[PDB]
Amino acid sequence: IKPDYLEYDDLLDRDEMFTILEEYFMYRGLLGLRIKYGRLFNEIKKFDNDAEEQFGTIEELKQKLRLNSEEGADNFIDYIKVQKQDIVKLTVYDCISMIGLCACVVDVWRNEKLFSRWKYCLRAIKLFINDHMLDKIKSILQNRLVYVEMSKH
Amino acid sequence: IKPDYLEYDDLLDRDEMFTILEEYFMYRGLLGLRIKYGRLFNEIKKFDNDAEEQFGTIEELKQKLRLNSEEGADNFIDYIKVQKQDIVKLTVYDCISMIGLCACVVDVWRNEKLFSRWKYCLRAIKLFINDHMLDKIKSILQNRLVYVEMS
């Protein structure tokens, strides 16, 4: 039995990166951010700054992708597919931004009470981020948490 | 890719009973009941009446098990185990009541904001309800979706 990552402060080798993301999008997509999260989720939450810098503001995407419309989730998927196409050589930082983007998008859906749409973030991650990139993200989060430890003490 | 069951109105052979329960406890345990549910979840929601009749009120269970305490989830699991060892011959209706019981319990945890504890309901289901009983429950829910239409 694996741990619950909502209030998890670590990221060990035994922890699966995708599962962390599954729970992250479930919890953020259903409960939102006004909740106690652990150091782990708190790090992933910072991916939001990246996403805005790379893909634009959520207010813009919301209008352009018509996120809250019936075709909103399908549009988001096509948009993600378009992003993956258009980027010349994908870096781990693209993948990080992309996650932050999903997070911001899931916020829009939660507020609209389209609660089942958090699933689409996972579908998008699967399309955008391969196992090799998930490893690199996990390695980065592990480093970032080690520094958060130093900062604390 | 399987469907999302939050607003699902059916229950087909291809739908796995455990997965339905996974999502049910996730959604009820995190969002609660003031949400649009499909006919499927609405049926499982009725398991609540069963649970009260068989295991007692949630107010009492909450006090007896001290559900919101640090040991609350472990206590609930113990409770489930005890109840199972105790039942001479387990019926599908015992399993149904037990699910309703988990549902009522998850409500307590949600209100306390112990949001990760919904997982324990699944752990409890796995202990209490074998695949054979899950099939019988699925069969009943399939009938009930029909019975409801009739009415």
# chains A, B, ... in the order shown; residues from 1 in each chain; ligands from 1

call {"tool": "interface_residues", "arguments": {"of": "chain B", "to": "chain A", "cutoff": "7 Å", "atoms": "only C-alpha atoms", "output": "ChimeraX atom specification"}}
result
/B:4,6,30-31,116

call {"tool": "residues_around", "arguments": {"residues": "residue 41 in chain B", "least_positions_apart": "6", "cutoff": "12 Å", "atoms": "only C-alpha atoms", "output": "tab-separated table (two decimals) with N, CA and C atoms, in the first residue's frame"}}
result
chain	number	residue	atom	x	y	z
B	4	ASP	N	-16.19	8.05	-16.44
B	4	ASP	CA	-16.26	8.62	-15.11
B	4	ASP	C	-17.66	8.35	-14.55
B	5	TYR	N	-17.74	7.89	-13.30
B	5	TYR	CA	-19.02	7.44	-12.75
B	5	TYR	C	-19.81	8.47	-11.95
B	6	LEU	N	-19.21	9.63	-11.71
B	6	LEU	CA	-19.88	10.71	-10.97
B	6	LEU	C	-21.29	11.02	-11.49
B	7	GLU	N	-21.43	11.14	-12.81
B	7	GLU	CA	-22.72	11.48	-13.41
B	7	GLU	C	-23.26	10.35	-14.29
B	8	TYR	N	-22.68	9.17	-14.12
B	8	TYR	CA	-23.06	7.96	-14.85
B	8	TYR	C	-24.43	7.41	-14.41
B	9	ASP	N	-25.30	7.16	-15.38
B	9	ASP	CA	-26.67	6.73	-15.10
B	9	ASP	C	-26.87	5.23	-15.27
B	10	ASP	N	-25.84	4.53	-15.75
B	10	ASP	CA	-25.98	3.11	-16.08
B	10	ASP	C	-25.11	2.21	-15.22
B	11	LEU	N	-25.15	0.92	-15.53
B	11	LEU	CA	-24.22	-0.05	-14.98
B	11	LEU	C	-24.18	-1.26	-15.91
B	17	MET	N	-17.18	-3.26	-10.89
B	17	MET	CA	-17.84	-2.84	-9.65
B	17	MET	C	-16.90	-2.13	-8.68
B	20	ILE	N	-16.18	1.47	-9.75
B	20	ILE	CA	-17.33	2.30	-9.40
B	20	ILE	C	-17.25	2.73	-7.93
B	21	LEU	N	-16.93	1.78	-7.06
B	21	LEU	CA	-16.81	2.07	-5.63
B	21	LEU	C	-15.61	2.98	-5.33
B	22	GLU	N	-14.48	2.75	-6.00
B	22	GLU	CA	-13.33	3.64	-5.85
B	22	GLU	C	-13.74	5.08	-6.10
B	23	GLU	N	-14.31	5.34	-7.27
B	23	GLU	CA	-14.73	6.68	-7.63
B	23	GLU	C	-15.82	7.22	-6.70
B	24	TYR	N	-16.71	6.35	-6.26
B	24	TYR	CA	-17.79	6.76	-5.38
B	24	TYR	C	-17.24	7.32	-4.08
B	25	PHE	N	-16.26	6.63	-3.51
B	25	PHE	CA	-15.71	7.05	-2.23
B	25	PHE	C	-14.78	8.24	-2.38
B	26	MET	N	-14.17	8.35	-3.55
B	26	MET	CA	-13.34	9.50	-3.85
B	26	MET	C	-14.21	10.75	-3.95
B	27	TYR	N	-15.27	10.66	-4.75
B	27	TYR	CA	-16.13	11.80	-4.98
B	27	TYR	C	-16.94	12.20	-3.75
B	28	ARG	N	-17.55	11.23	-3.09
B	28	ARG	CA	-18.32	11.53	-1.89
B	28	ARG	C	-17.39	11.99	-0.78
B	32	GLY	N	-18.45	15.47	-1.40
B	32	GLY	CA	-19.66	15.36	-0.62
B	32	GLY	C	-20.88	15.17	-1.50
B	33	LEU	N	-22.05	15.40	-0.92
B	33	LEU	CA	-23.32	15.00	-1.50
B	33	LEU	C	-24.09	16.13	-2.17
B	35	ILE	N	-23.77	17.65	-4.59
B	35	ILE	CA	-23.23	17.65	-5.94
B	35	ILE	C	-24.16	16.86	-6.84
B	47	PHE	N	-27.66	2.94	0.01
B	47	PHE	CA	-27.07	1.96	0.91
B	47	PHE	C	-26.93	2.53	2.32
B	48	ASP	N	-27.10	3.83	2.45
B	48	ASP	CA	-26.95	4.51	3.74
B	48	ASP	C	-28.03	4.07	4.72
B	100	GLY	N	-22.71	1.31	2.71
B	100	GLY	CA	-23.42	2.46	3.22
B	100	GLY	C	-22.72	3.01	4.45
B	103	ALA	N	-19.72	4.95	3.55
B	103	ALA	CA	-20.16	6.23	3.01
B	103	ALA	C	-20.43	7.23	4.13
B	141	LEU	N	-27.65	-3.74	-8.24
B	141	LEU	CA	-27.67	-2.37	-8.74
B	141	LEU	C	-28.19	-2.30	-10.16
B	144	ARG	N	-31.89	-2.67	-9.83
B	144	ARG	CA	-32.48	-1.51	-9.18
B	144	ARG	C	-32.61	-0.33	-10.12
B	145	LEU	N	-31.63	-0.15	-11.00
B	145	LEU	CA	-31.71	0.90	-12.01
B	145	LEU	C	-32.94	0.68	-12.88

call {"tool": "closest_residue", "arguments": {"among": "A:87, A:146, A:61, A:17", "to": "residue 101 in chain A", "atoms": "only C-alpha atoms"}}
result
A:61

call {"tool": "atom_distance", "arguments": {"atom1": "CA of residue 80 in chain A", "atom2": "CA of residue 137 in chain A"}}
result
18.3 Å

call {"tool": "closest_residue", "arguments": {"among": "B:107, B:59, B:76, B:133", "to": "residue 91 in chain B", "atoms": "only C-alpha atoms"}}
result
B:133

call {"tool": "atom_distance", "arguments": {"atom1": "CA of residue 96 in chain A", "atom2": "CA of residue 140 in chain A"}}
result
9.9 Å

call {"tool": "closest_residue", "arguments": {"among": "A:109, A:143, A:100, A:135", "to": "residue 52 in chain A", "atoms": "only C-alpha atoms"}}
result
A:100

call {"tool": "residues_around", "arguments": {"residues": "residue 143 in chain B", "least_positions_apart": "3", "cutoff": "12 Å", "atoms": "only C-alpha atoms", "output": "PDB file with C-alpha atoms, in the first residue's frame"}}
result
ATOM      1  CA  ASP B  10     -25.978   3.114 -16.083  1.00  0.00           C
ATOM      2  CA  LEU B  11     -24.217  -0.047 -14.978  1.00  0.00           C
ATOM      3  CA  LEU B  12     -23.108  -2.291 -17.842  1.00  0.00           C
ATOM      4  CA  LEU B  40     -25.725   4.928 -10.385  1.00  0.00           C
ATOM      5  CA  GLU B  43     -28.519   4.091  -5.966  1.00  0.00           C
ATOM      6  CA  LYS B 136     -23.947  -9.954  -6.495  1.00  0.00           C
ATOM      7  CA  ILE B 137     -23.984  -6.239  -5.619  1.00  0.00           C
ATOM      8  CA  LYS B 138     -23.429  -5.271  -9.258  1.00  0.00           C
ATOM      9  CA  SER B 139     -26.338  -7.543 -10.238  1.00  0.00           C
ATOM     10  CA  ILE B 140     -28.579  -5.907  -7.671  1.00  0.00           C
ATOM     11  CA  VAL B 146     -34.517  -0.924 -13.790  1.00  0.00           C
ATOM     12  CA  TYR B 147     -36.811  -1.003 -10.736  1.00  0.00           C
ATOM     13  CA  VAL B 148     -36.395   2.771 -10.425  1.00  0.00           C
ATOM     14  CA  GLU B 149     -37.493   3.371 -14.013  1.00  0.00           C
ATOM     15  CA  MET B 150     -40.578   1.213 -13.417  1.00  0.00           C
TER      16      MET B 150
END

call {"tool": "atom_distance", "arguments": {"atom1": "CA of residue 40 in chain A", "atom2": "CA of residue 111 in chain A"}}
result
23.7 Å

call {"tool": "select_by_dssp", "arguments": {"residues": "range 15-90 of chain A", "states": "helix (DSSP H, G or I)", "output": "ChimeraX atom specification"}}
result
/A:17-30,39-45,47-55,58-64,72-86
